[PDB]
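Visitor: sequence and experimental coordinates follow.
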Amino acid sequence: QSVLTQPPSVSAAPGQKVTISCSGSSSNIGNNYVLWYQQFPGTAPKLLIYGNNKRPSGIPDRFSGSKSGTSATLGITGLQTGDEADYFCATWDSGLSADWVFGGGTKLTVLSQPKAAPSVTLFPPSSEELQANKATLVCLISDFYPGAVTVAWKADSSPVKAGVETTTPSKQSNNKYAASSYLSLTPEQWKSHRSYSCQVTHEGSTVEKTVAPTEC
Amino acid sequence: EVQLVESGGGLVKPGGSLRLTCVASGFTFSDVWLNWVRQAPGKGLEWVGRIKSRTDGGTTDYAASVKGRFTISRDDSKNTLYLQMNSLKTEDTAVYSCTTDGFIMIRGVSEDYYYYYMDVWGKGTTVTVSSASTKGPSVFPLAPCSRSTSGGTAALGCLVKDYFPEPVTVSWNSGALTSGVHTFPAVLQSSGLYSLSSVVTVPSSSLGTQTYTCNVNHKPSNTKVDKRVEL
Amino acid sequence: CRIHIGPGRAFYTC
């Protein structure tokens, strides 16, 4: 629900090129001018592009920008390992308060190992938690690369979106990533359905695990 | 140092008030417009408001989400920016940072152009708005629905549930077990309480050869829990 | 004159 919309992640190998898009509305991007920033973990944002397509001092020409309608794009060529970072767009709103507005950010991964599919384990609620009159399904996701996934839950065959929390991926020791997701249920809901599923999508491929109350 | 440094963050209950301060060093503070921005957990940056320089009138603009509740002011003599927050809501929970507007100038023959951008950025201060009282976690075992496969691997873990405030720390077998271990970030439940999980992946054959105990430490409530997990 | 490209700024000043 960031005001400007960016893809959560993009990736390519050293030497290659990528684009990162930023989508807004006429009240922001459409009528105003776009900035792009680079940000490494634990560091401050660094300006890369201003006025849609201009580079400030010290920014090499392999970074470029364009604006089209209510969208904007950052282009990066000749990727270096040192370019791995978060990239976000910004502009302002055309109302009288003139808010600065921002994109949600895009994690750029400069590929340094083969892409790796996540291992998924879905844990059912424990007997102990059920005795406490609660029930939590825990979907644990690990060893994926690059570090971005989406998670979808199902009760039987139907999507379930309520009672879901998911963590943002964090680096493991082997430079692959892990994440977690939780589905909160009443003991009653848990016993009701014949199964619950956690579906994890990574780089266009889905891994699914299912648990059944009448099997645990 | 050329920098902005925020302070004053902390825990406050809904309906309460809190004032943040932001101290500038190393540049002419009175010459710049300043912003407050914030970033909620798992969310993107949101602008909170600005105050202009004295030469431009010293006026303030605010995001619709905080209008009538937050007030920005500046004391040029002290190089200091303030954010006074009143009638705080749980959704105001975030890291709050101050920034300056800077500009790039481009000379033309008849007009000079000035392109503005957020230039100097503070590191931020954390504000948590919650009605919750301190509470130690319940700890539940995480074990899979069916028997592990021969020749394969097995995952087991601990669900650390319903504690406040952050943080908790988790070790396994008193810290002796680190290989294959991952402790995840906390999530915030509807209840206003936090939960996290910690797991370890081991060879299926390793099962039955030793015990696996998660050690949970919640310093804010002076609670420690050891929980064995059996597969 | 000056042209100001950013939020809250008067667009043209002289």
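Guide: Received it, and whenever you're ready, just let me know what you need. Numbering: from 1, shown residues only, chains lettered A, B, ... in the order given.

Visitor: break chain B down into its domains, please.
Guide: Chain B breaks down into these domains under curated CATH domains: B:1-131, B:132-229.

Visitor: so can I have a markdown table of these showing mean neighbour count and distance to chain C?
Guide: Any C-beta I mention is one placed from the backbone N, CA and C, and that applies to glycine too. What follows is the domains of chain B, written out as a markdown table (neighbours: other CB atoms under 10 Å in any protein chain shown; distance: least, CB to the nearest CB, whole Å):
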| stretch | mean neighbour count | distance to chain C |
| --- | --- | --- |
| domain B:1-131 | 17 | 3 |
| domain B:132-229 | 17 | 32 |
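
Visitor: need the ones you listed in TSV (columns: distance to residue A:64).
Guide: Output for the domains of chain B, formatted as TSV (distance: least, CB to CB, whole Å):
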stretch	distance to residue A:64
domain B:1-131	17
domain B:132-229	35
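
Visitor: a markdown table for those, including distance to chain A?
Guide: Listed next are the domains of chain B as a markdown table, based on distance: least, CB to the nearest CB, whole Å:
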| stretch | distance to chain A |
| --- | --- |
| domain B:1-131 | 4 |
| domain B:132-229 | 4 |
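
Visitor: nearest to residue A:179 among those domains would be which one?
Guide: Checking the domains of chain B against residue A:179 by CB to CB gives domain B:132-229 as the closest, at 7.4 Å.

Visitor: so which bits of chain C are right by chain B?
Guide: Within chain C, the positions near chain B by CB under 8 Å from any CB of the partner chain are C:1, C:2, C:3, C:4, C:5, C:6, C:7, C:8, C:9.

Visitor: ok, and of the residues you listed, which contact chain A?
Guide: Okay, of the residues of chain C next to chain B touching chain A (CB under 8 Å from any CB), that's C:5, C:6, C:7, C:8.

Visitor: let's verify the last one: helix, strand, or coil?
Guide: Going back to what we said before, that points to residue C:8. Put simply, residue C:8 is coil when judged by DSSP: H, G, I helix; E, B strand; the rest coil.

Visitor: just the buried ones from the residues of chain C next to chain B, in PyMOL syntax?
Guide: Buried residues within those, by 16 or more other CB atoms under 10 Å in any protein chain shown, are selected in PyMOL with:
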select buried, chain C and resi 3+4+5+6+7+8+9
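
Visitor: nearest to chain B among the residues of chain C next to chain B?
Guide: Using CB to the nearest CB, residue C:6 comes nearest to chain B of these, at 2.8 Å.

Visitor: wait, that closest one touches residue B:113, no?
Guide: No: applying CB atoms under 8 Å, one finds residue C:6 not in contact with residue B:113, separated by 10.6 Å.

Visitor: that older thread, now for the domains of chain B, which one comes closest to residue A:202?
Guide: With CB to CB, the closest approach to residue A:202 among the domains of chain B belongs to domain B:132-229: 16.7 Å.
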